[PDB]
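Protein chains in written order, with the authors' numbering: chain B, 1 to 117; chain A, 1 to 117; chain C, 1 to 117.
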Amino acid sequence: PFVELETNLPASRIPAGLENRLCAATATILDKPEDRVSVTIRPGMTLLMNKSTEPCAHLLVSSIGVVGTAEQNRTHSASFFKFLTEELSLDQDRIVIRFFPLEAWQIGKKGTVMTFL
Amino acid sequence: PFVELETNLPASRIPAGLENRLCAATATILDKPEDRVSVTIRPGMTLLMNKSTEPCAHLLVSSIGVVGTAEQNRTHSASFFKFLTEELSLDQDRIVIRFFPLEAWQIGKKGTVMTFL
Amino acid sequence: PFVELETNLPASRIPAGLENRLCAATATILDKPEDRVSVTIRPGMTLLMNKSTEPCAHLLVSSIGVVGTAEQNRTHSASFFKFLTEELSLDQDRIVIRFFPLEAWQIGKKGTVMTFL
Ligand SMILES: *c1cc(-c2ccccc2)ncn1
Ligand SMILES: *c1cc(-c2ccccc2)ncn1
Ligand SMILES: *c1cc(-c2ccccc2)ncn1
Ligand SMILES: [Cl-]
Ligand SMILES: [Cl-]
Ligand SMILES: [Cl-]
Ligand SMILES: [Cl-]
Ligand SMILES: [Cl-]
Ligand SMILES: [Cl-]
Ligand SMILES: [Cl-]
Ligand SMILES: [Cl-]
Ligand SMILES: [Cl-]
Ligand code: NA
Ligand code: NA
Ligand code: NA
C-alpha cells in the first residue's frame, strides 16, 4: 500500500513518528504486510477546505484490491479518520480521504513489477 | 472536487488568495458546490516543461462524473487555462492540466465515504 | 509523459540537473518525444519505506498507452531503476515506482485537451 498525508500544517507541528504510527495503522486497517507499506508526508503545503485555510489534511490511500468498494472503504475511512483526527488534532470536517485501487502490473520494484515477484 | 496546483514558482511569487479565487473558479467551471471544492497549492517545487525550467504549473482536477470525456474537459481546460494564465502570468505553453474522474466510494468524509452521505 | 520524483532527500542533496537527465531518460525509456515530457521533483518530504526513514524515493510515471502492461512496465522499471539508483545513490530496496496510464482526453494543453491537438 501507499499512504500519502498532505497538510497545511508545518512540519514542526506534525507529531514526531507520525509516519511510523501511520505505517502501522495502515497495515492493520487494510490488512496488508507492514513492511510493504509506504508512507509519505507533505507538510506545509497550502490547503483550502470548505473555503477555509485553517489546518486540514488529505489522505491518499492506494492499494491492491482492498479499496475498490464503498463497502470496505467505509470501514477503512472510519479507522483512518479515528487515527488522523486523534494524531493531528483536527476535526472530521478538516480531513478528506481518497482511495485509489491499484494492480501489481503498475507497481515497480527491484527493476521489474509486482506481477513478476 | 479536488484541485491541485503545483508550480516551480515560489510561494512569495504566488498571488495572495489564489486558492480562494481558484476554489470559486472551480465550482463555476465544473458546476459543483463551492463549499465542497478542495484546493491545494504546492509552490517552490522543481518543474521542467518542454525541456525548460522557466516558471510553469500543473493543474490536477479530480471530480465525480464531470471530467470523464474529451467533450467536457475541452470546455473545462479552456476556462482553467484562461484563469491560470491570467492569475499566474504564464503563457499557455507553461501550463498543463490533468483530469481524474472519481467515484463517491473512493472519497472519505466524516468517518465514512460519500456513498453513504 | 509525466514523471514525478518524491524523496526524503533534501534539495541540496539532489544532483543538479537531475530533472534534465531524468527528462531525457524518460523520453528514451518510454519512447516519447523529449519536449513533451514533464518532470517534477518534490525533495525534503517525509518518507518511510520498509518501516525505515533512511533516504528513499518514489517515482510516478504517467503516460499514454505505454505503461499499461506488466510486460512493458518490467522493461521500464529496469531502466528507471538503473537510472535512479545511479543518480540518487540509493539501493533498489529504497526506490518504488508506480505507473499510471493516461488518455489524451484527460490531458489539458493550450486551453483544450490532447484529444483536439
Ligand atoms: C503496498 C503493498 C505492496 C506489497 C508488495 C509486496 C508484498 C506485499 C505488499 N506493494 C505496494 N504497496
Ligand atoms: C468534490 C466535491 C465533493 C462533494 C461532497 C459533498 C457534496 C458535494 C460535493 N466531494 C469531493 N470533491
Ligand atoms: C506526455 C507526453 C505528451 C505529449 C503531448 C504532445 C505530443 C507528444 C506527447 N503529453 C503529456 N505527457
Ligand atoms: Cl513545513
Ligand atoms: Cl493553507
Ligand atoms: Cl497493496
Ligand atoms: Cl516557496
Ligand atoms: Cl524548477
Ligand atoms: Cl465531485
Ligand atoms: Cl529540501
Ligand atoms: Cl523521512
Ligand atoms: Cl504520453
Ligand atoms: Na513531517
Ligand atoms: Na502558496
Ligand atoms: Na530539486
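Backbone N, C-alpha and C define an ideal beta-carbon position, used for all residues, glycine too.
Within chain A, not a single residue places a beta-carbon under 7 Å from that of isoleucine 14 of chain B; the smallest gap is close to 16 Å.
Contact check for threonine 53 of chain C against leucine 47 of chain C passes: the beta carbons are separated by less than 8 Å. Relative to ligand 2, the beta carbon of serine 63 of chain A is positioned inside 7 Å of a heavy atom. The nearest non-hydrogen atom of ligand 3 is 7 Å or more from the C-beta of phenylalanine 116 of chain C.
In this structure the stretch 16–27 of chain A does not lie against the stretch 73–93 of chain B, because fewer than three pairs of beta carbons, one per stretch, are closer than 8 Å. Contact between the stretch 50–66 of chain B and the stretch 57–74 of chain A is absent: fewer than three C-beta pairs spanning the two stretches fall below 8 Å.
Taking C-alpha positions only, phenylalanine 2 of chain C is separated from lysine 82 of chain A by approximately 22 Å. Spatial neighbours of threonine 26 of chain C in its own chain (CB-CB distance under 6 Å, excluding positions within 5 residues in sequence) are listed in chain order as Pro1, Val3 and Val37. For ligand 15, a non-hydrogen atom lies closer than 7 Å to the CB of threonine 46 of chain A. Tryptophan 105 of chain C places its beta carbon 8 Å or farther from that of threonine 112 of chain C.
Taking a Cβ-Cβ threshold of 7 Å, none of the residues of chain B is close to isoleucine 29 of chain C; the smallest such distance is about 12 Å.
Within the stretch 35–47 of chain B, contact with chain A at the beta-carbon level (separation under 8 Å) is assigned to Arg42, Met45, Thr46 and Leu47.
Taking every protein chain shown into account, the CB of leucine 30 of chain B has 16 or more other CB atoms within 10 angstroms, so this residue is buried. Per DSSP, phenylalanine 83 of chain C lies in no beta strand (DSSP E) segment; the continuous alpha helix (DSSP H) that holds it begins and ends at 70–84. Boundaries of the alpha helix (DSSP H) around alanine 24 of chain B: 18–30.
DSSP, read as helix, strand or coil, puts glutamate 4 of chain C in strand.
Leaving aside the five residues that flank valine 96 of chain A on each side, the residues in its chain whose CB is nearer than 6 Å to its CB run, in chain order, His58. Closest in alpha carbon position to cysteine 23 of chain B, among B/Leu117, B/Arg13 and B/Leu60, is B/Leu60. In the structure shown, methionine 49 of chain A adopts extended strand secondary structure according to DSSP, grouped into three states.
Residue range 107–109 is occupied by the beta strand (DSSP E) that includes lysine 109 of chain A. Nearest in C-alpha terms to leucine 5 of chain A, of all of A/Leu117, A/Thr28, A/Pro55 and A/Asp35, is A/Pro55. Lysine 82 of chain A is outside the set of residues whose beta carbon lies under 8 Å from a beta carbon in chain B. Judged by beta-carbon spacing, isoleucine 107 of chain B lies within the 8 Å limit of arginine 98 of chain C, meaning their Cβ atoms are closer than that value.
Taking the C-beta atoms as reference points, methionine 45 of chain A is found nearer than 8 Å to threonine 7 of chain A.
A check of alpha carbon separations from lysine 51 of chain B across A/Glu34, A/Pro101, A/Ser12 and A/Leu9 identifies A/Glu34 as the nearest. Rounded to the nearest whole angstrom, the CA to CA distance from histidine 76 of chain A to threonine 28 of chain A is 10 Å.
Under the three-state reduction of DSSP output, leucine 102 of chain A falls in the strand class.
In this structure, the CA atom of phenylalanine 100 of chain C is about 26 Å from the CA atom of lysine 32 of chain A.
Assigned with DSSP and collapsed to three states, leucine 88 of chain A falls in helix. Interface residue (Cβ-Cβ distance to chain A less than 8 Å): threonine 53 of chain B is classified as such. Measuring C-alpha to C-alpha distances from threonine 85 of chain B to each of A/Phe80, A/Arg94, A/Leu84 and A/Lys109 identifies A/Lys109 as the nearest. Taking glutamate 103 of chain B as the centre and dropping the five residues before and after it, the same chain places the C-beta of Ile64 closer than 7 Å to its C-beta, in chain order.
Put simply, the backbone Cα of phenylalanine 80 of chain B is about 42 Å away from that of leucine 117 of chain C.
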